[PDB]
Amino acid sequence: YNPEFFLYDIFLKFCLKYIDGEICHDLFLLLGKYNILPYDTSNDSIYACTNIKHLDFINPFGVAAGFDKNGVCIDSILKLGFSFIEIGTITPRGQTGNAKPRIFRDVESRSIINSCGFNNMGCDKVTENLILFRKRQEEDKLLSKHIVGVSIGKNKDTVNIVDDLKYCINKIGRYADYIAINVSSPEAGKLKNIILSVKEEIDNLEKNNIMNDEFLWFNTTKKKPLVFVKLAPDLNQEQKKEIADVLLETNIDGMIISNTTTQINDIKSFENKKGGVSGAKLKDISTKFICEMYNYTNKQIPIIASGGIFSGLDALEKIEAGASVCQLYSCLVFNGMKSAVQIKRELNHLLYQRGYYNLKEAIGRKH
Ligand SMILES: Cc1cc2nc3c(=O)[nH]c(=O)nc-3n(C[C@H](O)[C@H](O)[C@H](O)COP(=O)(O)O)c2cc1C
Ligand SMILES: Cc1cc(Nc2ccc(S(F)(F)(F)(F)F)cc2)n2nc(C(C)(F)F)nc2n1
Ligand SMILES: O=C(O)c1cc(=O)[nH]c(=O)[nH]1
């Protein structure tokens, strides 16, 4: 609640009004890189703890993929009050992505559309960035117990998809607390192949190193990274159940629901635009998708929420629907740096008013 946050949020609101989106994004990533952004040093409520398997989160809010694609601003973003961040999506080789401008935002609807095109510095350089962070994390009190996942994907013109992801794992898998596979860009038999192949590569990292785990997994968990998969919402009920089966057969560690959507036409400033939409308008679509997969998987696979989360209320819908954890993106654009502090406040208070003992008790409370 400091003036630090408050003053910065004025600057951001101003930037939001006048300056191009991707230009704004990079500007504040830069400010974070030089560590002049504010901190949230509050103790988080132990009643809003959560986990995905043996992967524990000190609080249920993190940042989604695509926000810090190259892992350049990991400390500063985590210290805003987030329990974790998902970097990437990265590819084995650097990409430029599509032509600019490629990101636009509608303020009134609190929505965004993008056709970035998986721009990133490539797996090699980003791994060097994550390593440097991991080294800083050993020295910084505030980064303890904070989780860093890595989103991985295939190059535009890939020879083979699996091989792209395989390279990324070999390079960066040691520094990741979990690995996110996203097949959501704006047959199931080919998916199962991918998922398995990823678990095997991770399992191979363990086998082919002589070191014990403490000195092998240079991450937070000190164990091999979990395997999540991120799904787009533009599928039919048949696709979803077909996939739902796969995730069970592979015994995947969690699923990130969801990515952006192409099926929104009622945003006026966006009618000229191609890409995937995110923000408020994605909220209701996203939540429904969680109920479905939660049902289709019969509640065996943990879920990670993404799509139009702005408030402690929005967060609770995802949780009761079946999510264990939430990711923010659009909220930070429209609500600023206070988003983590603010949303954690709002959620803690609601859990009380809704008579919940803790957050885990509320997970999947939509029958
Ligand atoms: C500019 C931009 C870039 C994104 N890049 C990625 C990405 O690289 N990988 C990914 O899985 N999701 C990416 N996303 C999607 C977000 O991770 C998130 O799923 C989506 O924005 C919905 O969250 P929200 O409604 O809170 O904004 C991107 C979104 C935006 C707006
Ligand atoms: C004012 C503004 C800010 C912003 N992103 C953003 C906002 C805040 C921060 S941060 F991380 F201030 F501490 F929270 F630096 C980092 C990135 N974006 N991102 C975009 C976009 C949609 F182009 F990606 N437009 C923006 N406009
Ligand atoms: O980089 C992108 O263009 C992108 C990737 C993704 O997974 N989702 C999205 O909305 N954009």
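Note: ideal-geometry Cβ built from the backbone for every residue, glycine included; neighbour counts use all protein chains shown. The numbers here are math on the coordinates, done by the rules we state, and not lab data.
For the stretch 6-51, a residue qualifies if it is part of a loop (DSSP other than H, G, I, E, B), out of contact with any helix residue (DSSP H, G or I) (no Cβ under 6 Å at 6 or more places or on another chain) and within 8 Å of ligand 2 (Cβ to nearest atom), and the qualifying residues are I19, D20. Taking the condition of being farther than 22 Å from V246 by Cα and among the charged types (D, E, K, R), how many residues in the stretch 172-223 meet it? Summing the residues that are farther than 22 Å from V246 by Cα and among the charged types (D, E, K, R) in the stretch 172-223 gives 8. Give the residue that is farthest from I202 (Cα to Cα), with candidates limited to residues of the stretch 246-263 that are within 15 Å of ligand 3 (Cβ to nearest atom) and outside any loop (DSSP other than H, G, I, E, B). That would be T261.
Tell me yes or no: at least one residue of the stretch 154-161 is more than 16 Å from ligand 3 (Cβ to nearest atom), out of contact with any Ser or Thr (no Cβ under 7 Å at 6 or more places or on another chain) and outside any helix (DSSP H, G or I). Within the stretch 154-161 (the criterion being more than 16 Å from ligand 3 (Cβ to nearest atom), out of contact with any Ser or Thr (no Cβ under 7 Å at 6 or more places or on another chain) and outside any helix (DSSP H, G or I)), the answer is yes, since at least one residue qualifies.
Screening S76 with (1) assigned to a helix (DSSP H, G or I); (2) among the polar types (S, T, N, Q); (3) more than 8 Å from ligand 2 (Cβ to nearest atom) gives one miss only, at (3). Residues that are assigned to a loop (DSSP other than H, G, I, E, B) and either of a type outside the set (G, A, S) or farther than 16 Å from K125 by Cα (or both) were ranked within the stretch 79-94; the one that is nearest to ligand 3 (Cβ to nearest atom) is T91. When the stretch 1-50 is limited to residues that are under 30 Å from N358 (Cα atoms), surrounded by fewer than 14 Cβ atoms within 10 Å (Cβ to Cβ) and among the polar types (S, T, N, Q), the one that is farthest from the chain's Cα centre (by Cα) turns out to be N2.
When the stretch 265-300 is filtered for residues that are under 17 Å from the mean Cα position of the chain (by Cα) and either under 14 Å from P233 (Cβ atoms) or more than 14 Å from ligand 1 (Cβ to nearest atom) (or both), the ones remaining, listed by number, are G276, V277, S278, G279, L282, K283, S286, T287, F289, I290.
All conditions in (1) under 24 Å from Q263 (Cβ atoms); (2) in contact with a helix residue (DSSP H, G or I) (Cβ under 7 Å, 6 or more places away or on another chain) hold for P186, with the sole exception of (2). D284 fulfils the conditions (1) more than 19 Å from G21 (Cα to Cα); (2) within 14 Å of ligand 2 (Cβ to nearest atom) except for a single criterion, (2). Kindly establish whether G364 is touching an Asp or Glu at 6+ places or on another chain (Cβ under 8 Å) and more than 18 Å from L78 (Cα to Cα). For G364, the condition - touching an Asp or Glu at 6+ places or on another chain (Cβ under 8 Å) and more than 18 Å from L78 (Cα to Cα) - is met. Here the condition is being out of contact with any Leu (no Cβ under 9 Å at 6 or more places or on another chain) and surrounded by fewer than 22 Cβ atoms within 10 Å (Cβ to Cβ); of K166, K230, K223, it holds for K166 alone.
The residues on offer are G117, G62, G122, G97, and the sole one that is touching a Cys at 6+ places or on another chain (Cβ under 9 Å) and within 15 Å of ligand 3 (Cβ to nearest atom) is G97. Taken across the stretch 182-198, residues that are among the charged types (D, E, K, R) and surrounded by 20 or more Cβ atoms within 10 Å (Cβ to Cβ) do not occur at all. Candidates are the residues of the stretch 246-265 that are surrounded by fewer than 14 Cβ atoms within 10 Å (Cβ to Cβ) and either charged (D, E, K, R) or in contact with an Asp or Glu (Cβ under 6 Å, 6 or more places away or on another chain) (or both); the one that is farthest from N114 (Cα to Cα) is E249.
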